[PDB]
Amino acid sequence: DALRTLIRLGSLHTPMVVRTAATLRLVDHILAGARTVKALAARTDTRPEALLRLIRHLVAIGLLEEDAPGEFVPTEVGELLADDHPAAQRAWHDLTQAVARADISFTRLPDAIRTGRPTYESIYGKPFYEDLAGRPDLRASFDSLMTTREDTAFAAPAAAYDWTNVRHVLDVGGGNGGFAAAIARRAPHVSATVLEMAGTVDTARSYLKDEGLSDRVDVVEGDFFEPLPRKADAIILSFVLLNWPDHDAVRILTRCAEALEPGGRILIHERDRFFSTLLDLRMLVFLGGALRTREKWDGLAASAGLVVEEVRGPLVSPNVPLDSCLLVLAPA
């Protein structure tokens, strides 16, 4: 059982069988009628001999089942690869989309452990966010992926804070505007600014406009290593700082400290050890970032001239197998 258990752990073919299936929209095509190999091969544009060899392992791991002879149907776990499923797992495993494409960086993990440095650029030619800035399909795909992680609703992180005395929110690296939008639905008196990159600002405005939230949340295109576009009572950093090594993280925290109004707060929204280490090693090979322990957080806070006032407890979100925290940061 040890030799068997280690070979399953060490197996590279099972993950890429799952990822090949997601990229081919296999489960979509089955659910739309193509239950046999010959029909599925034509829908996916694959060699019929080759599909069957892929399907065999899909059956052997319990994502596919055989109902009638020759006819394949997804199981309960395999249904999560339907494109419309609310956890978006198909797109998370779609090698044409930005995250599963970034996971190829894991094939150079030894380099990342030897150096502490990301392996993405050594595969694709440019660092992560610079690659997206020249690949609008990947920029859009990454933004859509980050939004679905809270059912695009971000209800749990926005409930974890009291917005009574907050006039303006600046969502720094706020993505497509989901967190800003969630605060505005909860606190009708607050207005908000989303600071994001080229490409993402457009999809953020569309999303915010399509929420009827255009009158209350606006979107600025800029670089958060530079002076922030305005001041605010609540500055949001939501899955931003784990993208960055300690020195860049402090730089970002400092720009936010400079932009705080008197009495205002910086809010860090960030993080099953299997899933904790997945995100942490992703940050290594993608970007050179990391997850940080509470003690490391005090250290980074102090380098930016801030204190961790409190850490508001597990926020459970749908579609994410992993909880998160909200860190409230006070100027020292």
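All residue numbers refer to positions in the sequence shown, first residue = 1.
The stretch of deposited sequence separating residue 271 from residue 272 contains 4 to 9 residues lacking coordinates in this entry.
Looking at mean Cα B-factors across 61-69 and 274-282, the upper value is held by 61-69. Looking at 307-315 and 16-24 together, the entry lists the larger mean B-factor for 307-315, computed on C-alpha atoms. Comparing the C-alpha B-factors of 101, 216, 139, 230 in the entry, the top value falls on 216. Of the candidates 250, 237, 153, 112, the one whose C-alpha carries the top B factor in the deposited record is 153.
In this PDB entry, the Cα temperature factor of residue 325 sits in the bottom third of its chain's modelled residues, the lowest group.
Residue-level temperature factors show residue 130 in the middle third of its chain, judged at the C-alpha atom.
Residue-level temperature factors show residue 167 in the highest third of its chain, judged at the C-alpha atom. Among all modelled residues in this chain, the alpha-carbon of residue 33 has a temperature factor (C-alpha) in the highest third. Sort the chain's modelled residues by C-alpha temperature factor and residue 254 lands in the middle third, per the entry.
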